[PDB]
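Peer 1: Take this structure, written in structure tokens, and hold onto it; I'll ask about it next.
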Amino acid sequence: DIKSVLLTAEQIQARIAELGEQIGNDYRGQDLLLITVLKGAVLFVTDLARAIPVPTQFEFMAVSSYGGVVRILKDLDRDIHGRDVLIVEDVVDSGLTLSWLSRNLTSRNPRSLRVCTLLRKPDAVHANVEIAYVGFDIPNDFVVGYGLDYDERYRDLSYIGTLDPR
Amino acid sequence: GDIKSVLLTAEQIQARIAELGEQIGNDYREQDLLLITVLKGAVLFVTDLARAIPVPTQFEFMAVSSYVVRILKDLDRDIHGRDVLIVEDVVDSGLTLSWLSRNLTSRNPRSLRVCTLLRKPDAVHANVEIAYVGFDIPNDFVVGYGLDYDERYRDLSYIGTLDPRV
Amino acid sequence: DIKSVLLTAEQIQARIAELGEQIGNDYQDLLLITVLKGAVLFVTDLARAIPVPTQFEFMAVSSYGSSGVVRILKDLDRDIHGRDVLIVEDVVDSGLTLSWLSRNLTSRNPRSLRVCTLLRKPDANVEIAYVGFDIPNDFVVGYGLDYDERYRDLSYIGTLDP
Amino acid sequence: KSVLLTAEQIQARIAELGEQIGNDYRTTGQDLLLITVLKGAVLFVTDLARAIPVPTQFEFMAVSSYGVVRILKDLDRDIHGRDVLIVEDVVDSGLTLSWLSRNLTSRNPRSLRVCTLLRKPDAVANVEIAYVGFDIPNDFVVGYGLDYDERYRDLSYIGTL
Ligand SMILES: Nc1nc2c(ncn2[C@@H]2O[C@H](COP(=O)(O)O)[C@@H](O)[C@H]2O)c(=O)[nH]1
Ligand SMILES: Nc1nc2c(ncn2[C@@H]2O[C@H](COP(=O)(O)O)[C@@H](O)[C@H]2O)c(=O)[nH]1
Ligand SMILES: Nc1nc2c(ncn2[C@@H]2O[C@H](COP(=O)(O)O)[C@@H](O)[C@H]2O)c(=O)[nH]1
Ligand SMILES: Nc1nc2c(ncn2[C@@H]2O[C@H](COP(=O)(O)O)[C@@H](O)[C@H]2O)c(=O)[nH]1
Ligand SMILES: [Mg+2]
Ligand SMILES: [Mg+2]
Ligand SMILES: [Mg+2]
Ligand SMILES: [Mg+2]
Ligand SMILES: [Mg+2]
Ligand SMILES: [Mg+2]
Ligand SMILES: [Mg+2]
Ligand SMILES: [Mg+2]
């Protein structure tokens, strides 16, 4: 079912270990806020927060498509004012959702707003949103694992692999 | 110096979760196992647990606030005929757990069990059956590894007791 | 697109003023719980038709597959432990979105539960108390009811034609 | 304990404003979308829509607080390329309405204005209001959709204390 392993568990964990310090050094009297959209990046944000050597807090959101604009099924539980926000994504490509999210959050008057992603694809050029932190640059091929799914499966994989068309 | 004593090291937690996964994996062998977690104390635990379980598992989240209790974000899929494992972080009063268990059973899943990381002594009063317990601990307010005090100390890798000054 | 009208404003509003009478007799304040949004137009006129002090509690609902599972989008703002609860619905077919709610509300343990519809249909699983109109298994739109979103603002209820 | 606006005054005004909006929205196959916030203005919407001749469109939203507010219930449909009328119960001090504006125009509607029933005097805030039903004074008032600790909504008239 998994054709090939794009990134092993140890490779992923070593990269996040690097990201943690890089993020930590930049944000080094309130805690850094990690904001994640359910649920492709829960494994990533749980590892990333532990990798960040400065105190960090969690906030989750749940959105849905309308069928560039998304429906909010679950909003933030806290006001964002004067807080350093770090949006945490799993995969960014033709992601207009991220574009919408950055605008929706900056309207709430954060003190800062950056974006960190584990995976970036070549089609992320067509998105209007800056990304300060990128784990890996991968091809456009459909990958699953480490939070990434295909019909809600393969999320529990600890590595990132490529699907065979089945 | 916010933490007085350390209760459970990162090694103890990791080693325990590896055992649970094995135990859970052996008990669940014929769809996929369904892990349901209520936001957001048991997010770190459920991300580490799923990876420890040697059978295919899926994630499902439910955000909920108190008034018995209010639903802010229901499940993203019907759980009819599914083997459901409720994943909690800490149980003592267990009033919310008791409701959640009843609310899920009324959706008629094939199987329903509960797995918690910590269990405090006051959990003997609540009439909820728990199939898997990571650790039994005294009746002290602990923090770390998902657990919070005013949204802080969740990103800690270990579990400790909070100093009286805080 | 209404082929013909069988129920109009004067006929509906009068019955709704008659429904409130029965409710006033049979019934601190009364809670009207309604599912958005095909029955919103009916509740609003019902509360004013009831002499005793009533109240509103709204509840948004989506769905999964079909056969009677229900996803919750909003749900009540308050608890209803031991209180006057009257479910207000718009249409009742062989659909069990109604008692899923009553079961969902019974579990919260109110004092009294009672349902109430404007228009019932030849299909019936719960204690349906106060029935407004008994209509055949035909098309129904108007007065809150809809077909893809529209025909809600109508003061009457007409029949669509396929 | 007081009477500000009679049920006759309220019902007569709504009909006259339904006339105001009925002939100002008359090219597009879409309808006028009535977007409102629970749970105060929910009685106005039912009477306002029937007062408006052109086919209209109900849409609701639930909002909590922390003008910073939180969405508990969102819109079912996207309002892109749509004529939207925001209907509010009472407009006073809260930047709740200004937020709803800056939030809905980001959905890029074809047109966006607001129709409120009552109007407090300090509602000179943000985004000016297209249509007004009654210019009320600066006093806490209930009745007709308005409430105090969840009540007096069943009233068909508007009265103080
Ligand atoms: N599993 C997986 N999901 C992806 C990948 N790239 C983007 N996604 C996410 O999965 C979605 C696929 O659904 P669609 O693009 O058809 O709406 C994307 O919109 C994005 O949210 C990927 O490489 N693997
Ligand atoms: N962080 C932390 N949370 C706890 C502990 N014991 C109970 N809780 C959680 O705290 C909540 C109840 O506390 P309350 O909000 O009523 O003071 C429940 O969500 C419960 O699971 C604990 O020892 N540490
Ligand atoms: N508007 C309208 N709704 C109906 C009628 N009969 C039943 N309903 C309700 O509306 C649902 C149909 O909406 P749909 O599932 O097509 O979005 C039914 O499952 C039932 O809950 C009717 O005659 N007219
Ligand atoms: N009944 C009534 N409610 C009002 C009036 N003005 C504002 N409100 C509502 O009462 C709420 C009071 O909370 P606030 O936002 O003022 O802290 C407002 O947000 C608004 O929803 C009024 O004149 N009469
Ligand atoms: Mg994503
Ligand atoms: Mg996906
Ligand atoms: Mg919990
Ligand atoms: Mg907590
Ligand atoms: Mg209905
Ligand atoms: Mg309908
Ligand atoms: Mg208001
Ligand atoms: Mg109020």
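Going through the structure tokens in order, the chains are called A, B, and so on, while each chain numbers its residues from 1 and the ligands are numbered from 1 in the order shown.
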Could you pull out the strand (DSSP E or B) residues of region 17-65 of chain C from DSSP and send them as a PDB file with N, CA and C atoms, in the first residue's frame?
Peer 2:
ATOM      1  N   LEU C  31     -39.655  26.755  28.087  1.00  0.00           N
ATOM      2  CA  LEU C  31     -38.578  26.792  27.101  1.00  0.00           C
ATOM      3  C   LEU C  31     -38.991  26.178  25.772  1.00  0.00           C
ATOM      4  N   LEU C  32     -38.909  26.971  24.710  1.00  0.00           N
ATOM      5  CA  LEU C  32     -39.124  26.456  23.368  1.00  0.00           C
ATOM      6  C   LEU C  32     -37.779  26.120  22.738  1.00  0.00           C
ATOM      7  N   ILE C  33     -37.583  24.843  22.432  1.00  0.00           N
ATOM      8  CA  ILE C  33     -36.368  24.396  21.766  1.00  0.00           C
ATOM      9  C   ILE C  33     -36.678  24.042  20.317  1.00  0.00           C
ATOM     10  N   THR C  34     -36.021  24.729  19.389  1.00  0.00           N
ATOM     11  CA  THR C  34     -36.289  24.531  17.970  1.00  0.00           C
ATOM     12  C   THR C  34     -35.017  24.280  17.172  1.00  0.00           C
ATOM     13  N   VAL C  35     -35.121  23.412  16.174  1.00  0.00           N
ATOM     14  CA  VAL C  35     -33.994  23.104  15.308  1.00  0.00           C
ATOM     15  C   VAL C  35     -34.010  24.002  14.073  1.00  0.00           C
ATOM     16  N   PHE C  56     -36.803  31.111  24.237  1.00  0.00           N
ATOM     17  CA  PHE C  56     -36.235  30.508  23.038  1.00  0.00           C
ATOM     18  C   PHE C  56     -34.884  29.856  23.308  1.00  0.00           C
ATOM     19  N   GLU C  57     -34.694  28.665  22.754  1.00  0.00           N
ATOM     20  CA  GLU C  57     -33.393  28.012  22.757  1.00  0.00           C
ATOM     21  C   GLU C  57     -33.145  27.369  21.400  1.00  0.00           C
ATOM     22  N   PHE C  58     -32.144  27.871  20.689  1.00  0.00           N
ATOM     23  CA  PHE C  58     -31.879  27.418  19.329  1.00  0.00           C
ATOM     24  C   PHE C  58     -30.781  26.363  19.274  1.00  0.00           C
ATOM     25  N   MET C  59     -30.786  25.581  18.201  1.00  0.00           N
ATOM     26  CA  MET C  59     -29.887  24.444  18.072  1.00  0.00           C
ATOM     27  C   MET C  59     -29.630  24.108  16.606  1.00  0.00           C
ATOM     28  N   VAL C  61     -27.999  22.005  13.517  1.00  0.00           N
ATOM     29  CA  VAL C  61     -27.762  20.583  13.318  1.00  0.00           C
ATOM     30  C   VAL C  61     -27.408  20.248  11.871  1.00  0.00           C
ATOM     31  N   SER C  62     -26.346  19.465  11.703  1.00  0.00           N
ATOM     32  CA  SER C  62     -25.997  18.901  10.408  1.00  0.00           C
ATOM     33  C   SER C  62     -26.199  17.393  10.477  1.00  0.00           C
ATOM     34  N   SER C  63     -25.853  16.683   9.410  1.00  0.00           N
ATOM     35  CA  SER C  63     -26.075  15.242   9.378  1.00  0.00           C
ATOM     36  C   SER C  63     -24.914  14.477   8.751  1.00  0.00           C
TER      37      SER C  63
END
Peer 1: Within 8 Å of chain C, which residues belong to chain B? Use only C-alpha atoms and report them as a ChimeraX atom specification.
Peer 2: /B:67-78,107
Peer 1: Quick one: residues within 7 Å of ligand 6, with only C-alpha atoms and all ligand atoms, as number ranges by chain?
Peer 2: A: 40, 148-152
Peer 1: Write the residues of the preceding selection, restricted to N, CA, C and O atoms, as a PDB file, in the first residue's frame.
Peer 2:
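again_21.pdb, freshly written:
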ATOM      1  N   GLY A  40      -4.445  17.383  10.432  1.00  0.00           N
ATOM      2  CA  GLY A  40      -3.293  16.823   9.752  1.00  0.00           C
ATOM      3  C   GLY A  40      -1.972  17.135  10.430  1.00  0.00           C
ATOM      4  O   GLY A  40      -0.952  16.514  10.129  1.00  0.00           O
ATOM      5  N   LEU A 148      -0.703  12.982   7.941  1.00  0.00           N
ATOM      6  CA  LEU A 148      -1.279  13.075   6.604  1.00  0.00           C
ATOM      7  C   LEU A 148      -2.098  11.833   6.290  1.00  0.00           C
ATOM      8  O   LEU A 148      -1.712  10.720   6.645  1.00  0.00           O
ATOM      9  N   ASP A 149      -3.222  12.025   5.606  1.00  0.00           N
ATOM     10  CA  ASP A 149      -4.173  10.941   5.415  1.00  0.00           C
ATOM     11  C   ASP A 149      -4.600  10.727   3.969  1.00  0.00           C
ATOM     12  O   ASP A 149      -4.323  11.540   3.090  1.00  0.00           O
ATOM     13  N   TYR A 150      -5.266   9.600   3.749  1.00  0.00           N
ATOM     14  CA  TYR A 150      -6.059   9.362   2.553  1.00  0.00           C
ATOM     15  C   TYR A 150      -7.332   8.655   2.999  1.00  0.00           C
ATOM     16  O   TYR A 150      -7.299   7.473   3.347  1.00  0.00           O
ATOM     17  N   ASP A 151      -8.441   9.390   2.996  1.00  0.00           N
ATOM     18  CA  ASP A 151      -9.686   8.933   3.604  1.00  0.00           C
ATOM     19  C   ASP A 151      -9.456   8.550   5.066  1.00  0.00           C
ATOM     20  O   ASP A 151      -9.821   7.456   5.500  1.00  0.00           O
ATOM     21  N   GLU A 152      -8.821   9.461   5.802  1.00  0.00           N
ATOM     22  CA  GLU A 152      -8.638   9.357   7.250  1.00  0.00           C
ATOM     23  C   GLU A 152      -7.756   8.192   7.693  1.00  0.00           C
ATOM     24  O   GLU A 152      -7.745   7.839   8.871  1.00  0.00           O
TER      25      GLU A 152
END
Peer 1: Any chance you could tabulate, as a Markdown table, the residues of chain D at most 8 Å from chain C with each one's nearest atom pair and distance in Å to one decimal, using only C-alpha atoms, in chain and rising number order?
Peer 2:
| residue | atom | partner | partner_atom | distance |
| --- | --- | --- | --- | --- |
| D:39 | CA | C:58 | CA | 7.9 |
| D:42 | CA | C:44 | CA | 7.9 |
| D:43 | CA | C:44 | CA | 5.8 |
| D:46 | CA | C:41 | CA | 5.6 |
| D:49 | CA | C:153 | CA | 5.4 |
| D:50 | CA | C:153 | CA | 5.5 |
| D:55 | CA | C:153 | CA | 6.7 |
| D:56 | CA | C:153 | CA | 6.0 |
| D:57 | CA | C:150 | CA | 6.1 |
| D:58 | CA | C:152 | CA | 7.3 |
| D:62 | CA | C:74 | CA | 7.7 |
| D:72 | CA | C:74 | CA | 6.2 |
| D:73 | CA | C:74 | CA | 5.6 |
| D:150 | CA | C:55 | CA | 7.5 |
| D:151 | CA | C:55 | CA | 6.4 |
| D:152 | CA | C:53 | CA | 7.6 |
| D:153 | CA | C:55 | CA | 6.7 |
| D:154 | CA | C:48 | CA | 5.5 |
| D:155 | CA | C:48 | CA | 6.6 |
| D:156 | CA | C:48 | CA | 6.4 |
Peer 1: Determine which residues of chain D receive a DSSP assignment of helix (DSSP H, G or I), computed from the backbone, and state them as a PyMOL selection string.
Peer 2: chain D and resi 7-22+44-51+96-107
Peer 1: So which residues touch region 4-9 of chain D within 10 Å, counting only C-alpha atoms, skipping near sequence neighbours fewer than 4 positions away, as a short mmCIF file (atom, residue, chain, number, x, y, z; two decimals) with C-alpha atoms, in the first residue's frame?
Peer 2:
data_model
loop_
_atom_site.label_atom_id
_atom_site.label_comp_id
_atom_site.auth_asym_id
_atom_site.auth_seq_id
_atom_site.Cartn_x
_atom_site.Cartn_y
_atom_site.Cartn_z
CA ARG D 13 -43.14 50.32 10.78
CA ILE D 14 -41.85 46.91 9.65
CA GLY D 133 -36.89 51.27 12.42
CA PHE D 134 -36.90 53.30 15.63
CA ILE D 136 -34.52 54.69 20.77
CA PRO D 137 -33.05 56.66 23.72
CA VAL D 141 -35.05 48.13 27.31
CA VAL D 142 -36.55 44.67 26.74
CA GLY D 143 -39.45 43.14 24.83
CA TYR D 144 -39.74 42.00 21.21
CA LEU D 155 -43.45 40.12 24.54
CA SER D 156 -44.85 41.58 21.32
CA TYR D 157 -44.14 45.12 22.50
CA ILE D 158 -41.10 47.09 23.68
CA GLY D 159 -41.00 48.42 27.24
CA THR D 160 -38.50 49.63 29.83
#
Peer 1: What are the residues of chain B lining chain A at 12 Å or less? Count only C-alpha atoms, and put the answer as a PyMOL selection string.
Peer 2: chain B and resi 10+31-35+37-65+71-77+144-158
Peer 1: Between CA of residue 139 (chain A) and CA of residue 120 (chain A), what is the distance, to one decimal in Å?
Peer 2: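 Going from CA of residue 139 (chain A) over to CA of residue 120 (chain A) covers 8.3 Å.
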Peer 1: Excluding region 65-71 of chain D and any residue of its chain fewer than 5 positions from it, enumerate the residues within 12 Å of it, using only C-alpha atoms, and give them as a ChimeraX atom specification.
Peer 2: /A:61-63,71-81,104-105,107-110 /B:72-73 /C:73-74 /D:37-38,60,93-103,125-126
Peer 1: Counting only C-alpha atoms and all ligand atoms, what residues are within 7 Å of ligand 12, given as a ChimeraX atom specification?
Peer 2: /D:40,146-150
Peer 1: May I have the selected residues written with C-alpha atoms, as a PDB file, in the first residue's frame?
Peer 2:
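Generated file (result-v4.pdb):
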ATOM      1  CA  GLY D  40     -32.195  38.785  19.886  1.00  0.00           C
ATOM      2  CA  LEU D 146     -34.677  41.865  23.450  1.00  0.00           C
ATOM      3  CA  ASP D 147     -33.977  40.244  26.807  1.00  0.00           C
ATOM      4  CA  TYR D 148     -32.643  40.584  30.343  1.00  0.00           C
ATOM      5  CA  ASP D 149     -31.032  37.424  31.734  1.00  0.00           C
ATOM      6  CA  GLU D 150     -32.945  35.378  29.150  1.00  0.00           C
TER       7      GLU D 150
END
Peer 1: Take CA of residue 106 (chain B) and CA of residue 113 (chain C) and report the distance between them in Å, one decimal.
Peer 2: 19.0 Å
Peer 1: Which residues sit within 7 Å of ligand 1, counting only C-alpha atoms and all ligand atoms, listed as a PyMOL selection string?
Peer 2: chain A and resi 91-93+95+140-144+148-150
Peer 1: Which residue out of A:87, A:129, A:96, A:115 has the minimum interatomic distance to residue 33 (chain A) when only C-alpha atoms are used?
Peer 2: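 Closest to residue 33 (chain A) of all the choices is A:87.
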Peer 1: Around ligand 11, at most 7 Å away and counting only C-alpha atoms and all ligand atoms, which residues are there? Put them as a ChimeraX atom specification, please.
Peer 2: /D:40,88-91
Peer 1: Those selected residues, please, written with N, CA and C atoms and delivered as a CSV table (one decimal), in the first residue's frame.
Peer 2:
chain,number,residue,atom,x,y,z
D,40,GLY,N,-31.3,37.6,19.7
D,40,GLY,CA,-32.2,38.8,19.9
D,40,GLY,C,-33.0,39.2,18.7
D,88,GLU,N,-30.0,43.5,12.6
D,88,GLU,CA,-29.6,43.5,14.1
D,88,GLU,C,-30.8,44.0,14.9
D,89,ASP,N,-30.9,43.5,16.1
D,89,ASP,CA,-31.9,43.9,17.1
D,89,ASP,C,-31.7,45.4,17.6
D,90,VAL,N,-30.6,45.6,18.2
D,90,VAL,CA,-30.3,46.9,18.7
D,90,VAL,C,-28.8,47.3,18.6
D,91,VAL,N,-28.5,48.5,18.1
D,91,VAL,CA,-27.1,48.9,17.9
D,91,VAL,C,-26.7,50.0,18.8
Peer 1: Contacts of region 80-92 of chain B at 6 Å or less, counting only C-alpha atoms, minus same-chain residues fewer than 5 places along, as a list in words?
Peer 2: residues 33, 34, 35, 36, 37, 42, 108, 109, 110, 111, 112, 113, 114, 115, 116, 117, 118, 119, 120, 122 and 123 of chain B
Peer 1: So how many Å separate CA of residue 123 (chain D) and CA of residue 145 (chain D), to one decimal?
Peer 2: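 Going from CA of residue 123 (chain D) over to CA of residue 145 (chain D) covers 19.4 Å.
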Peer 1: Do a neighbour search on residue 119 (chain A) at 9 Å with only C-alpha atoms, toss out local chain neighbours closer than 4 positions, and write the hits as JSON, numbers by chain.
Peer 2: {"A": [89, 90, 91, 92, 93, 134, 135, 136, 137, 138]}
Peer 1: Mind dumping the selected residues with N, CA and C atoms as a PDB file, in the first residue's frame?
Peer 2:
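Okay, out.pdb is ready:
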ATOM      1  N   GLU A  89       1.347  24.267  10.222  1.00  0.00           N
ATOM      2  CA  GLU A  89       0.706  23.470   9.179  1.00  0.00           C
ATOM      3  C   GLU A  89       1.439  22.154   8.936  1.00  0.00           C
ATOM      4  N   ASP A  90       0.783  21.249   8.220  1.00  0.00           N
ATOM      5  CA  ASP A  90       1.393  19.989   7.821  1.00  0.00           C
ATOM      6  C   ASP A  90       1.944  20.074   6.395  1.00  0.00           C
ATOM      7  N   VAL A  91       1.079  20.404   5.441  1.00  0.00           N
ATOM      8  CA  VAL A  91       1.482  20.527   4.044  1.00  0.00           C
ATOM      9  C   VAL A  91       0.931  21.811   3.431  1.00  0.00           C
ATOM     10  N   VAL A  92       1.797  22.567   2.767  1.00  0.00           N
ATOM     11  CA  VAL A  92       1.368  23.773   2.078  1.00  0.00           C
ATOM     12  C   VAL A  92       1.646  23.659   0.582  1.00  0.00           C
ATOM     13  N   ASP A  93       0.613  23.893  -0.222  1.00  0.00           N
ATOM     14  CA  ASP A  93       0.732  23.862  -1.678  1.00  0.00           C
ATOM     15  C   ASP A  93      -0.172  24.926  -2.302  1.00  0.00           C
ATOM     16  N   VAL A 134      10.241  26.049   7.235  1.00  0.00           N
ATOM     17  CA  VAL A 134       9.870  24.914   6.397  1.00  0.00           C
ATOM     18  C   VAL A 134      10.715  23.697   6.761  1.00  0.00           C
ATOM     19  N   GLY A 135      10.053  22.611   7.139  1.00  0.00           N
ATOM     20  CA  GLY A 135      10.748  21.385   7.481  1.00  0.00           C
ATOM     21  C   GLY A 135      11.435  20.760   6.282  1.00  0.00           C
ATOM     22  N   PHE A 136      10.636  20.328   5.311  1.00  0.00           N
ATOM     23  CA  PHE A 136      11.156  19.701   4.104  1.00  0.00           C
ATOM     24  C   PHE A 136      10.482  20.241   2.851  1.00  0.00           C
ATOM     25  N   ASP A 137      11.244  20.308   1.765  1.00  0.00           N
ATOM     26  CA  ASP A 137      10.680  20.583   0.455  1.00  0.00           C
ATOM     27  C   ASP A 137      10.522  19.268  -0.302  1.00  0.00           C
ATOM     28  N   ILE A 138       9.280  18.899  -0.588  1.00  0.00           N
ATOM     29  CA  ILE A 138       8.969  17.621  -1.221  1.00  0.00           C
ATOM     30  C   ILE A 138       8.313  17.839  -2.582  1.00  0.00           C
TER      31      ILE A 138
END
Peer 1: Within 8 Å of residue 100 (chain A), counting only C-alpha atoms, which residues qualify if same-chain residues fewer than 3 places away don't, as a compact mmCIF listing (two decimals) with N, CA and C atoms, in the first residue's frame?
Peer 2:
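New file part05.txt:
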# COMPACT_ATOMS: atom_id res chain seq x y z
N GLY A 68 -11.07 28.87 -1.11
CA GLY A 68 -10.57 30.16 -0.68
C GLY A 68 -11.22 30.64 0.60
N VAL A 69 -12.43 30.17 0.86
CA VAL A 69 -13.16 30.53 2.07
C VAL A 69 -13.66 29.26 2.77
N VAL A 70 -13.53 29.23 4.09
CA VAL A 70 -13.91 28.05 4.86
C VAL A 70 -14.92 28.36 5.96
N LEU A 96 -5.16 27.89 -0.22
CA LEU A 96 -5.84 29.16 -0.02
C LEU A 96 -6.38 29.23 1.41
N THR A 97 -6.58 28.06 2.02
CA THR A 97 -7.03 27.96 3.40
C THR A 97 -6.05 28.63 4.36
N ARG A 103 -4.99 35.86 7.28
CA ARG A 103 -5.76 37.09 7.27
C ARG A 103 -6.78 37.12 8.40
N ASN A 104 -7.44 35.99 8.63
CA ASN A 104 -8.43 35.89 9.68
C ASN A 104 -7.82 36.08 11.07
Peer 1: Around ligand 3, at most 6 Å away and counting only C-alpha atoms and all ligand atoms, which residues are there? Put them as a list in words, please.
Peer 2: residues 91, 93, 139, 140, 141, 145, 146 and 147 of chain C
Peer 1: Just write the chosen residues, C-alpha atoms, as a short mmCIF file (atom, residue, chain, number, x, y, z; two decimals), in the first residue's frame.
Peer 2:
data_model
loop_
_atom_site.label_atom_id
_atom_site.label_comp_id
_atom_site.auth_asym_id
_atom_site.auth_seq_id
_atom_site.Cartn_x
_atom_site.Cartn_y
_atom_site.Cartn_z
CA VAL C 91 -42.47 18.74 9.46
CA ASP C 93 -42.14 12.25 8.01
CA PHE C 139 -44.54 18.46 -1.36
CA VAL C 140 -44.48 21.16 1.32
CA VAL C 141 -42.87 24.61 1.18
CA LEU C 145 -40.12 25.53 4.94
CA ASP C 146 -37.81 25.52 1.93
CA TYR C 147 -36.50 23.99 -1.28
#
